[PDB]
Amino acid sequence: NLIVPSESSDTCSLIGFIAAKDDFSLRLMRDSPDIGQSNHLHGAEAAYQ
Amino acid sequence: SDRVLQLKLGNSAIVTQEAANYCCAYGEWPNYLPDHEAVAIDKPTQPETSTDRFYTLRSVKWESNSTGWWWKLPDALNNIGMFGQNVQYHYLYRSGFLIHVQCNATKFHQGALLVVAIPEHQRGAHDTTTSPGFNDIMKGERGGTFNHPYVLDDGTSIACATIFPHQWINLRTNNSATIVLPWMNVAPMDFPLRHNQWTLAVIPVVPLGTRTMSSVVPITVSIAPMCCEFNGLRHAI
Amino acid sequence: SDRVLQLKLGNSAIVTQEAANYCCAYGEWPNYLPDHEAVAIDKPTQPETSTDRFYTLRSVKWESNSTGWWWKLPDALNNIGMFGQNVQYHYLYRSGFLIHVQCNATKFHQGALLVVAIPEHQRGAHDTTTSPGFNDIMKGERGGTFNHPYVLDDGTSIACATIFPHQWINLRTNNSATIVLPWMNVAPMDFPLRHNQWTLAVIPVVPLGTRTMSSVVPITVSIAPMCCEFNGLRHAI
Amino acid sequence: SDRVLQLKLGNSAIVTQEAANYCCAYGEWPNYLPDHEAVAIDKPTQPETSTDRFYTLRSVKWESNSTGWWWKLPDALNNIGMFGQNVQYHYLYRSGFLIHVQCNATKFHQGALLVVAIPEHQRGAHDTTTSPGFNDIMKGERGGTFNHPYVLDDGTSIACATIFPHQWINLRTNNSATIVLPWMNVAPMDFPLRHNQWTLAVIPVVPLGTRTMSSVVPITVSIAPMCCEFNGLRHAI
Amino acid sequence: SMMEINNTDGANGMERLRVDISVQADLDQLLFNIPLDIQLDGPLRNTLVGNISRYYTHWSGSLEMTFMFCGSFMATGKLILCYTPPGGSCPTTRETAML
Amino acid sequence: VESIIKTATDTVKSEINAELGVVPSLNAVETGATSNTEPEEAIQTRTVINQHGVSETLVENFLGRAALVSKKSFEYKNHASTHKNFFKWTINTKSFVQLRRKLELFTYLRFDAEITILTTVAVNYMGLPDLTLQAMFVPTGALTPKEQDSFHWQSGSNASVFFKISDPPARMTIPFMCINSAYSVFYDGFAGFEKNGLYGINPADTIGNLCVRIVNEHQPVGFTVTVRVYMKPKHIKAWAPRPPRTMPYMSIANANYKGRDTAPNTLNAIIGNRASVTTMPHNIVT
Amino acid sequence: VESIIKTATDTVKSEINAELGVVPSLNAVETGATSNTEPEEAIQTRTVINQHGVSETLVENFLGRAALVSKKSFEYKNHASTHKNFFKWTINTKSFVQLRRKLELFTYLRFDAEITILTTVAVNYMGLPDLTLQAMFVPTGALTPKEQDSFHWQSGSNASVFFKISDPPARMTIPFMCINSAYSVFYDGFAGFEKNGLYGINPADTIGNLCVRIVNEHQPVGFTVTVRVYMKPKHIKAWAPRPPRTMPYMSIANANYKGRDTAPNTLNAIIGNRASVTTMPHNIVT
Amino acid sequence: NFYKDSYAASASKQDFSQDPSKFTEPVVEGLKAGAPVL
Amino acid sequence: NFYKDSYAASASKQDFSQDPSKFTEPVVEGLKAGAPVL
Ligand SMILES: CC(=O)N[C@@H]1[C@@H](O)[C@H](O[C@@H]2O[C@H](CO[C@]3(C(=O)O)C[C@H](O)[C@@H](NC(C)=O)[C@H]([C@H](O)[C@H](O)CO)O3)[C@H](O)[C@H](O)[C@H]2O)[C@@H](CO)O[C@H]1O
Ligand SMILES: CC(=O)N[C@@H]1[C@@H](O)[C@H](O[C@@H]2O[C@H](CO[C@]3(C(=O)O)C[C@H](O)[C@@H](NC(C)=O)[C@H]([C@H](O)[C@H](O)CO)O3)[C@H](O)[C@H](O)[C@H]2O)[C@@H](CO)O[C@H]1O
């Protein structure tokens, strides 16, 4: 159990991290689903003016 | 240096940053049954990682008036994981055990637990001539509690219990106890469902106390069988 | 000389005095997974005798109008003995199989059974576009029966099924068939509960017949996993 | 051993008894511009001790609702001591930086600060297409604060900010962070008043908390330029 | 890099990057779980390994999760972190996860 | 520390550990170093000779793809009474998000750029004309044509490429041309000596202007002509990786952000929500 | 047992046989082995130096042929008010029976796949437009375009091939890309951890999605455009041959069968009937 | 093959190795010519 | 490359050198396996 004295906060935080080890391998490149656009970005058309 | 420790067996690992060295019962270490000591002639199965790994039992709460707890081996694990399956499907078993008892608190808490591994701890009943019954002895994963820890529930004494392999968990000093147990028996193997080689006893000789914020202080037991071997295969009991 | 045979694995043994040599699928023999082909990095458990032994399934009755029977592996054994326990407690498994089909009768009986081990026997359903369901495929220890053995229940043909590892049990000649199966898959190991590497099919191409006293003529299947390895230990599914 | 540290440059020195080793950005160390990488042909001035020394900036207060702070280099020091004078009198400058962030509290306090050195930290503005202005970027010795630390005020994320040279100040563990920064740019030297090579960011990922006596908990930044070189001498801007 | 484990309604910004644990009244308490597909949206998606991996379709290799306790020095405790290979439903009790 | 890696690392078998003073699974995130705990130290492993290649993640391959950087449609007709049969494009790699996000995974980049130009036409039916186009490279802020037929198109020194719609897409390589040793993908500074300049825009990182015209005089009818430009970096060197973009892009001139209206990728929550930290999404219900 | 065979085996002359204990023509089918009786042992043979080659039956050649795997016709026009100038195809080798039956003669197959794309057009007459098409490879269940002009076509990382109808068919090779050591032509299992998944469909064996669009904006009139995709496996390795398909195929998702209405290839009779087992079809009537 | 990836190469029609016995005679004990099989 | 300018050449996909430690372990004092970090 988490055990703390009266003057310590009785609710504490954990920060979790993750990473790949060097036995990792990735294959078959594809476009990332994490970014996309519906219209021209602001200023894009001004590059033609 | 002798206060930090990592134990790794199979797919399990445990670390402690507040240990007190660790005990090897009678200065021995677990090992597989040699040919010159073997009796059962069938080829044994040695599961290795599926059974020689840490099994954590349900925790218990250390209270101001607690008398102590006990867990018998292999009974406590006879129904847990692949160790439990091998035990149920085989007439004979053999193994050592790596015991790790855990209990942390606060630098404002005090208390001392005797953590002792008792070989052949034959319990006695109090104030009656009737011998203890099956249900008084076989508690399984839950374990039991001491009625009269002062005499180890067997008419002897906890005072001299230090003659058995042990460590202590003195809150101001450490937060865990570790004991390595070799196979302990008069026979090379045994029937796991009717005989317990060792009994893990955790007894608060000095009660839990503090004047700071009151919190539930648990005691947790993790046990890893070592060098497991099973013979006499059949159906599950 | 090639008509008598004894198979011994673990605590099990089988003899036949009317065999027909025996088949080693694709001329191979089971073996443990070598380091240069391994993928899962955890240390595997190799139970040996507790799993690499003969498991006899419930028999079936060979009748004058029978269409044939099938058993998928490892499904048929996923709930039997210690092999079943290891399968349930581990995400990954790997093994070969020693198959022995048994069927005796009388020198006045006639009949011929095709005993074939089919790799990846993906069943098809009859007269519908709907794919076979989970319960149509996973029969377990009981196995299933052929609806249209003529096309191996997959739109192909039993006539050309001899392209797969097989033997026959022709009553006037032999009373048993034996086939040794190596690990057969595109991966070094697999999840045992959702994929069957092999399908044992026993089909009466020539029906059972006689003019002597009528008796129940059973067909029995005994299967011994070989070189079992399990990885990815966790709780039982 | 790796918890105590003394940094000494010029007439300045700093010690910490609760460090966590220290970071050398990208495993590099500051150095003077070699002849084979030089562009400006005038003989540079290398002030050494008058500029390569620790400059302590005004402290900031870590509050329960703080979002984080940042200081851009060399902007933060462009008006401090002899480093500031050389910067104002020369068109070109070059240097590395030794960063030491300080924050102590109590064994009853909790909190975690990410201390990261970001190369080319180009800020973005929130909810507008208008680019950040000169005064939004050049804060000098006072530094600025994060509006949305969650996305590093640039539409990315603090979660992945660990890809940059960094350390953490986790109150129960250490009371200071140290990062050594080499010259980081695509050119051998640069005009110090319009471009900032690095941005020091200190962000409380885990807020300051305690139940003991409340006190003002400051965060202090001390920065020492390293291997300073200046070219293009003229009047002060 | 930081996993967004507390990806829940009510958790805003950086609150989503930390998991709070409290002093418990009961034993063997489940504190949190984490879905593991680094190729799908969840706590692992916006990480260095997650972001780069999503520019690909196939992956192989071991992953490592490191947790830093950020309570006060006077706070103590023991936690058990378990990885359960696929096959069944996510464990909800320590006795099961511990296997 | 540096070495040649052609495959993922192998795994060595490991035994039981019970050593005092040795705790490989414990680390100190505060140091800034990533955990060095090896699988062999966390669990018992077997030996594995790993043959998995690592070449598809080489930076050269990761960024080595022809990505769309410009798309412009205009009317080809008699403009007697808007892009009058030609247009000018200030080259930039910030208009299309897929290429932009990948380049922004790095702080500095050095590379040569292979440019491919694809042209398509549509009648505003009697067939599609096989027009000849001219793409002239005009340096930074340099003099660009103002008419489809101005003298500027004589291209005495500027490089010009003439191509037909019926030919394969035009292609040529622009060398790494930065005045510095590498392009600045991000620039925490102001491009001028005064205080009113643009923030985050280092002129040194603008490859230049691309002026494209239809060489043919207008036809009796009008057509819509679309020109697509693709860029593929090669001979790449990259430095200092960065946190990936999460918030949608707003402008090509800055990193301004707003976030989606609702998660995922909202300013308040990057990852989509689940009911609680003990709720397992996609839990297997067997 | 293994050896190099480049021609059919020769025949050796044989003499009269009358040996006790030697019966080469007798065998035991029950063993599962095929008869080993040689011609020389069954009859008196002469010597024959056989020079017949065996290369046309090499697996590489048997499967090494570009076979049609996809054929899609759609309307190219203004879809203001169905495949709107583009389509998406989940790659599979089960739609056209000739290729399917051959691949299904094997259990496992490892091969690289040469893809050839053929395009034809027809007016719905004033001539045929030489359109530019884009074929983008989008991985398994990955994000596909929803409009002829969506941003997805910018193809920042996905491989895209742009080709004209007037050019020879487009062509490229997709490597053996299975996550396993070989593709599973047949799969006796379920692709998911739950029980409701699809049977016989291992996702690992789906090469991916092929998204094809006409790049040109629509013309004033409509056209019918048909795209045909051909696949040729090469660098082939094959394992465990299987019984050939006899019943007509019913679905691309399974091996379901029904059979023809009447023989041949009816569920009840694969071979066509003859009057009796003593009736010789095509008997020579001299 | 002028391409950098070996899988792009033309076909490989030169593997004349064969072992029919894995299909024709997968019996553990070899069958001798002329001798009774059983 | 038949062009006279080297920058016109095809891609260079042969640089397999790596040094993850500049990102994973940029600490001045190396961390030994098993030993307490602090
Ligand atoms: C398509 C499918 O198989 N299932 C759909 C559910 O996933 C979907 O529920 C939402 O799914 C979201 C997925 O997260 C991403 C993703 O595609 O991986 C995260 C990306 O970074 C994000 N990209 C951008 C540029 O914002 C992307 C994008 O927002 C969506 O594709 C647009 O819809 O989403 C996420 O987990 C959500 O929190 C979750 O609710 C349901 C919704 O009804 O539909 C299923 O078909
Ligand atoms: C074409 C010719 O020279 N003679 C014709 C006769 O052969 C035909 O009588 C029928 O012939 C059938 C032939 O068997 C196959 C074949 O073509 O070899 C067997 C194939 O597997 C089958 N294919 C499929 C996909 O089902 C194929 C097919 O059914 C037919 O081509 C379709 O008509 O037939 C078979 O032996 C029949 O049993 C037999 O009656 C007569 C019929 O009038 O016409 C002759 O011209």
Side-chain angles (χ1 to χ4, degrees), chain A residues 30-39 41, chain C residues 151 155-157 159-160, chain D residues 151 155-157 159-160, chain E residues 4 7-9 11 16 35 37-47 50-57, chain F residues 96-98 100-101 243-250 257-275 279-282, chain G residues 88 90 96-98 100-101 138-146 150-152 154 156 192 203 209 243-250 257-275 279-282:
Chain A
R30 60 163 174 157
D31 282 298
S32 176
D34 299 311
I35 199 71
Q37 75 197 100
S38 290
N39 311 79
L41 298 184
Chain C
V151 296
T156 62
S157 77
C160 297
Chain D
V151 296
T156 62
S157 77
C160 297
Chain E
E4 183 158 306
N7 59 315
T8 61
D9 182 56
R16 304 170 74 75
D37 207 326
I38 61 172
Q39 303 266 318
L40 310 174
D41 196 39
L44 311 189
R45 192 260 292 177
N46 183 41
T47 59
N51 275 299
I52 300 308
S53 291
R54 282 158 69 79
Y55 270 102
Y56 292 82
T57 317
Chain F
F96 289 89
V97 307
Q98 277 167 41
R100 182 172 176 178
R101 187 172 189 266
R245 178 82 186 188
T246 61
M247 304 292 94
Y249 286 108
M250 292 181 76
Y257 56 94
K258 179 188 181 183
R260 303 269 294 174
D261 295 325
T262 53
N265 303 313
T266 190
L267 183 55
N268 174 57
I270 294 170
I271 302 302
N273 294 319
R274 51 170 164 155
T279 298
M280 178 56 62
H282 316 305
Chain G
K88 172 238 62 168
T90 300
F96 289 89
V97 307
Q98 277 167 41
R100 182 172 176 178
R101 187 172 189 266
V138 179
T140 49
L143 189 47
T144 66
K146 295 151 297 181
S150 78
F151 85 96
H152 305 81
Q154 68 187 80
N209 288 293
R245 178 82 186 188
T246 61
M247 304 292 94
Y249 286 108
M250 292 181 76
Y257 56 94
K258 179 188 181 183
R260 303 269 294 174
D261 295 325
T262 53
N265 303 313
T266 190
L267 183 55
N268 174 57
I270 294 170
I271 302 302
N273 294 319
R274 51 170 164 155
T279 298
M280 178 56 62
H282 316 305

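Whatever order the structure lists them in is the order used to number ligands and atoms, beginning at 1. Here is how names work: the chains are called A, B, and so on, in the same order as the sequence lines, proteins then strands, and each is numbered from 1.
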Which atoms of ligand 1 are found less than 4.0 Å from any heavy atom of [X]?
X        : result
A/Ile35  : 25 (C)
F/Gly272 : 38 (O)
A/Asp34  : 20 (C), 21 (O), 25 (C)

Would you say [atom] touches the protein, meaning some protein heavy atom is under 4.0 Å from it?
atom                    : result
atom 41 (C) of ligand 1 : no
atom 44 (O) of ligand 1 : no
atom 7 (O) of ligand 2  : no
atom 2 (C) of ligand 1  : no
atom 20 (C) of ligand 2 : yes
atom 23 (N) of ligand 2 : yes
atom 36 (O) of ligand 1 : yes
atom 17 (O) of ligand 2 : no
atom 11 (O) of ligand 2 : no

Is there a donor-acceptor contact under 3.5 Å from the side chain of [X] to the main chain of [Y]?
X        : Y        : answer
E/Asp41  : F/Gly272 : yes
E/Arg54  : A/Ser32  : no
D/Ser157 : F/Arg245 : no

Just to confirm my output: which protein heavy-atom neighbour is closest to [atom], and how far is it?
atom                    : answer
atom 27 (C) of ligand 1 : A/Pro33 O, 4.0 Å
atom 34 (O) of ligand 2 : G/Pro264 CG, 3.7 Å
atom 32 (C) of ligand 2 : G/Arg260 NH2, 4.6 Å

- prompt: Name the one of G/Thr144, G/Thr90, G/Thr140 that satisfies side chain to side chain donor-acceptor pair (under 3.5 Å) with G/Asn209?
  reply: G/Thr90

field: Polar contact flag, side-chain donor to acceptor under 3.5 angstrom, F/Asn273-E/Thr8
entry: no

query: Does the pair E/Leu44 and E/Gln39 meet the rule for a side-chain contact (heavy atoms from CB on, under 4.5 Å), with working shown?
result: CA-CA 8 Å; E/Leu44 311 189; E/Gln39 303 266 318; over 6 Å; no

statement: Closest non-hydrogen atoms of F/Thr279 and F/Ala275, given as atom of the first, atom of the second and distance, are OG1-CB, 3.5 Å

message: Please find the pair of heavy atoms, one from G/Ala142 and one from A/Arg30, that lie closest to each other, and give the distance.
response: CB-NH1, 4.4 Å

query: Can you find a pair of side-chain heavy atoms, one from A/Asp34 and one from E/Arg45, that are under 4.5 Å apart?
result: yes

query: Of the choices E/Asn7, E/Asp41, F/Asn273, F/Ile270, which has the non-hydrogen atom that lies closest to atom 14 (O) of ligand 1?
result: E/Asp41

field: CD-NE2 distance between A/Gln37 and G/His152, expressed to the nearest 0.5 angstrom
entry: 10.0 Å

query: How long is the gap from CZ on F/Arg101 to CG on A/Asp31, to the nearest 0.5 Å?
result: 11.0 Å

- prompt: Does an N or O from F/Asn265, backbone or side chain, lie closer than 3.5 Å to an N or O of ligand 1?
  reply: yes

query: Side chain, backbone, both or neither: which part of F/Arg101 comes within less than 4.0 Å of ligand 1 when only heavy atoms are counted?
result: neither

